[PDB]
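In what follows, every chain begins at residue 1, and chains take the letters A, B, ... in the order their sequences are listed. Values reported hereafter were calculated over all heavy atoms of this structure, with side chains retained and with hydrogens, waters and symmetry mates removed.
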There are 2 protein chains.
Amino acid sequence: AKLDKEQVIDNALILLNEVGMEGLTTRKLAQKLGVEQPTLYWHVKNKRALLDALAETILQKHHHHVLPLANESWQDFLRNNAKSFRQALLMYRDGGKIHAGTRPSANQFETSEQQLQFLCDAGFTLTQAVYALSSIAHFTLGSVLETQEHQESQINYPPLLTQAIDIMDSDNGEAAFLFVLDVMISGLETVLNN
Amino acid sequence: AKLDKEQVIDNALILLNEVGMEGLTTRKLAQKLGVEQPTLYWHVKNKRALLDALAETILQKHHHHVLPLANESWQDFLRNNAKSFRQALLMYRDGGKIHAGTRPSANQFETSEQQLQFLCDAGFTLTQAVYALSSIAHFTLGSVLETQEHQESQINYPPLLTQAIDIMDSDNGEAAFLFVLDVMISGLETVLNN
């Protein structure tokens, strides 16, 4: 057959888990596909384009809470959107690092617009809606980077710090994530007050 | 002279700006120092140990709001700690990526303990204090990763999304960062209520 983009990206996702972000290169991916680099080039012009395509595909495949459910409040929508995002980023090795800085793809323009419109319809200004979505994206990304790096690891701390480390690490940052997510929702409610 | 750790790390910081995180390798750093790898080994046993040392040194050199100022409220302390952190992470190429997952070093144990004690003294439970500090760290890290990747880059979006991109990018995420930081503070105030 012809080499198609889905075939390229599915093979790349496999390779990402096998070797990690740093290890992933277009040379290696070409080898895996049994083509030469000029052939792969038409699909992914360089490593950064490859990583962008991986990031987009991981969300498309695994980040499903991208619109509010029927009757869902904006509070529940942000909460569930964040949880869905976090789980999607945790699906692949270096998933957080891969995601950072990427934009929505063409197949996500529609739902990204609807998110913004939804929040505006809830009473947020456009600026406040943009910032609210950024709050969830950035906090979630930071949370995932932290847990992935701690996991990826394969000493006498003071006592409060020793408890702190145990509190963050013992569930891979889940409880802390939930707590902050409710903190953010409550602070946004406060923004809507004035 | 003898090769000392400060000399190793200062040279590594230079190399980090020159080549980036991915490009940075112990082979290249050995070359820069004019030593062989077994000699460098005694300082940094591998790349991950090198990156940990860079992360720690960048905070030591540039992240100065690590304790509350005389008379500072916990609200102002978290705000200024976050701002100080963000600026420190932006000082170096891939500063955000480098930082992710690292722990405080021995020279930061004292101030990390005092941060926790301070928040407890303000009325936070230890668990709430740990989570509050995580909220600032993770959100700030996500904010910096996003701006660094957008900058590091060297198309018809729908209209709200087009405005969203402009709102986030036009000041490298500064206004959004400030807004969320106040959102987090307000939500934490709400936590202290109950």
Okay, side chain of [X], backbone of [Y]: is any donor-acceptor separation there less than 3.5 Å?
X	Y	result
A:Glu72	A:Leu69	yes
A:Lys97	B:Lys97	no
B:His43	B:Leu3	yes
B:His150	A:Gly101	yes
B:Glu146	B:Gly173	no
A:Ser84	A:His63	no
A:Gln117	A:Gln114	no
B:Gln151	B:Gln148	no

Among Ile, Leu, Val, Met, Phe, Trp and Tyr joined by side-chain contacts under 4.5 Å, find the other residues sharing a cluster with A:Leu89 and list them by chain and number.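 Taking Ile, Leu, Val, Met, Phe, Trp and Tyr as members, A:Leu89 shares its hydrophobic cluster with A:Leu59, A:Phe85, A:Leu90, A:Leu141, A:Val144, A:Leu145, B:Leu59, B:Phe85, B:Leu89, B:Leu90, B:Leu141, B:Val144, B:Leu145.
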
Could you work out the complete set of other residues in the hydrophobic cluster of B:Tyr41, with links drawn between I, L, V, M, F, W and Y side chains under 4.5 Å apart?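 B:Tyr41 shares its hydrophobic cluster with B:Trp42.
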
Heavy-atom side-chain proximity of [X] to [Y] below 4.5 angstrom:
X	Y	answer
B:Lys83	B:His65	no
B:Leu78	B:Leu188	yes
B:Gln115	B:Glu110	no
B:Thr140	B:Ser143	no
B:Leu192	B:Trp74	yes
B:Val66	B:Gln108	no
A:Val44	A:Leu40	yes

Going by an N to O cut-off under 4.0 Å, is there a salt bridge joining B:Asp169 and A:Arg103? yes

Please tabulate, for side-chain N and O atoms in residues 174-187 of chain B, each donor-acceptor pair with protein atoms closer than 3.5 Å (sequence neighbours left out).
from     : atom 1 : to       : atom 2 : distance (Å)
B:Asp182 : OD1    : B:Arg79  : NE     : 2.9
B:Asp182 : OD1    : B:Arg79  : NH2    : 2.7
B:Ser186 : OG     : A:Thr190 : OG1    : 3.4

Under the side chain to side chain donor-acceptor pair (under 3.5 Å) test, which residues partner B:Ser112, sequence neighbours left out?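 For B:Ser112 there are no side chain to side chain donor-acceptor pair (under 3.5 Å) partners, ignoring immediate neighbours.
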
Show every salt bridge (charged side-chain N to carboxylate O under 4.0 Å, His left out) that has at least one partner inside residues 37-52 of chain B, sequence neighbours left out. A:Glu22-B:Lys47, A:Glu149-B:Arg48, B:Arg48-B:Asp52

Contacts table for residues 8-20 of chain B: side-chain donor-acceptor under 3.5 angstrom, sequence neighbours left out:
from    : atom 1 : to      : atom 2 : distance (Å)
B:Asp10 : OD1    : B:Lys61 : NZ     : 2.7
B:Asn11 : ND2    : B:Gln7  : O      : 3.0
B:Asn17 : OD1    : B:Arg93 : N      : 3.1

